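Written below as structure tokens is the structure these notes are about.
Cβ atoms come from the backbone with ideal geometry, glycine included; neighbour counts cover every protein chain shown. Computed from the coordinates by the stated procedures, all read-outs in this text should not be read as laboratory data.
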Amino acid sequence: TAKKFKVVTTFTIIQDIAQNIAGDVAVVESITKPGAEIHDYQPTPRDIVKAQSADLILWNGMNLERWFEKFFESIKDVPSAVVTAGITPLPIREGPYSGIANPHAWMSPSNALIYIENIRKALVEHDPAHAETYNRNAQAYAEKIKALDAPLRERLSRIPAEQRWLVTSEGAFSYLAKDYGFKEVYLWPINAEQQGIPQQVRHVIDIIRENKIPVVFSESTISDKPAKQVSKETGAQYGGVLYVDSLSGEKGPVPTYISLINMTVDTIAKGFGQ
Ligand SMILES: [Zn+2]
């Protein structure tokens, strides 16, 4: 066991999934820090250094990392793989990014099985000496992720179907909302320039009042102020922060992808009174 194979991912969700497949034979690091906003992140010369010293680079695609392709052309002779191949996208519904793929495909546990398989294939292709380890680690982790779905599905099924309105800040939850049958309401369709402008806030306020939706949420990499303004003006409680675009730090409450899905579903269910 000389040097461990080095994998660099764009953001922390992919880091944790990939590290479970890598096990003990590769080290996986994320370019972005826990808590950092990932869509419009601005890479630095230190990020270039980290990617250039990798043996493999992994990114989401599906219009997530607006910085990645320009960043990756600075990198020489390091292979890359997009980990969302074979996932059917949901289009963004409005705004300047309307009609392109919503990147947040990892919020569906069923989609996460495809993430696992794509990362396994990339590690097996670019580090073939360790293929048996990657294959065994991916099979074990996919078992965990597959078993994850049933308790989450049952928990959220407790909410009456016509009350399943998921009101968030970024429209980051479309794939989870589809899996578990929630109608989707958000203050902005995807992180970008405008986030909590008027018109956005008022439309969401209107939908909450018409349907008496009991709760509204924010997310861990953006500002909680728009969601709190929405809850102040309506009958909705502020349900707290959901995790979607980043893990917490390793010593925080959301250290892993599994903990992210569990925590987001728990916080939603609690917002509806379980
Ligand atoms: Zn996002």
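In percent, rounded to a whole number, the relative contact order of the chain is 17, using alpha-carbon pairs under 8 Å and six or more apart.
Between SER30 and residues 5 or more places away or on another chain, which pairs have amide H atoms under 5 Å apart, with H built 1.01 Å from N, and which residues are they? Hits under the 5 Å cutoff: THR9. Here the range 76-233 is treated as a sphere whose radius is the Kirkwood value from Cα pairs; by Stokes-Einstein at 25 °C and 0.890 mPa s it diffuses with a coefficient of 138 µm²/s. In order along the range 26-36, the phi-based Karplus estimate (6.51 cos²θ - 1.76 cosθ + 1.60, θ = phi - 60°) of 3J(HN,Hα) comes to 9, 10, 10, 10, 9, 5, 7, 7, x, x, 6 Hz; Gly and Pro are listed as x.
In the range 1-82, inverting the average of 1/r over every pair of distinct C-alpha atoms gives 12.8 Å as the Kirkwood radius. The calculated FRET efficiency for the pair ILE207 and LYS50, based on their C-beta separation and a Förster distance of 51 Å, comes to about 0.75.
Suppose a student asked you for the relative contact order of the range 101-215, using Cα pairs under 8 Å spaced at least 6 residues apart; what percent would you report?
Value for the range 101-215: 23 percent.
Extension gain, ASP40 to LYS76, is 10.7 nm, computed as 0.36 nm per intervening residue step minus the present C-alpha separation. Helices that extend 18 Å or more along their long axis by alpha-carbon positions and average at least 0.5 on the Kyte-Doolittle scale are, among the DSSP H runs of the chain, 257-271. Scoring 53-64, 143-154 by mean Cβ neighbours within 10 Å over their residues and listing the highest first yields 53-64, 143-154. The convex hull of the Cα atoms of the range 139-206, projected and averaged over all directions, covers 5.9 nm².
Residue-wise HN-Hα couplings along the range 180-188, as the Karplus relation 6.51 cos²θ - 1.76 cosθ + 1.60 with θ = phi - 60° gives them from phi, are 10, x, 9, 6, 10, 9, 8, 7, 8 Hz; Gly and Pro carry x. Too long at a 27 Å Cα-Cα cut-off: which of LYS121/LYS251; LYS225/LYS270; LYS183/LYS251; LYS70/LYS228? Too far apart for the 27 Å limit: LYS121/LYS251; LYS183/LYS251; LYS70/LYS228. When Rg and the Kirkwood Rh are both derived from Cα coordinates, the Rg/Rh ratio for the range 43-84 amounts to 0.93. For the range 177-219, the share of alpha carbon pairs falling in successive 10 Å distance bins from zero is 23, 55, 22, 0 percent. Along each principal axis, taking the top coordinate minus the bottom one, the Cα set of the range 158-272 gives 39, 35, 22 Å in descending order.
Taking amide H atoms as placed 1.01 Å from N in the peptide plane, the amide H of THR168 lies under 5 Å from those of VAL185, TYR186, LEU187, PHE217, each 5 or more residues away in sequence or on another chain. If the segment from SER110 to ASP24 were pulled out straight at 0.36 nm per residue, it would be longer than the present Cα-Cα gap by 28.4 nm.
Note the full-extension length gain between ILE197 and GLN229 as 0.36 nm times their separation in residues minus their Cα-Cα distance, in nm to one decimal.
Length difference between fully extended and current span is 10.4 nm.
Across the chain, the convex hull enclosing all Cα atoms gives 124 Å³ per residue. Compared with the rule-of-thumb size 2.2 N^0.38 Å for a compact globular protein, the range 41-158 has a Cα radius of gyration ratio of 1.24.
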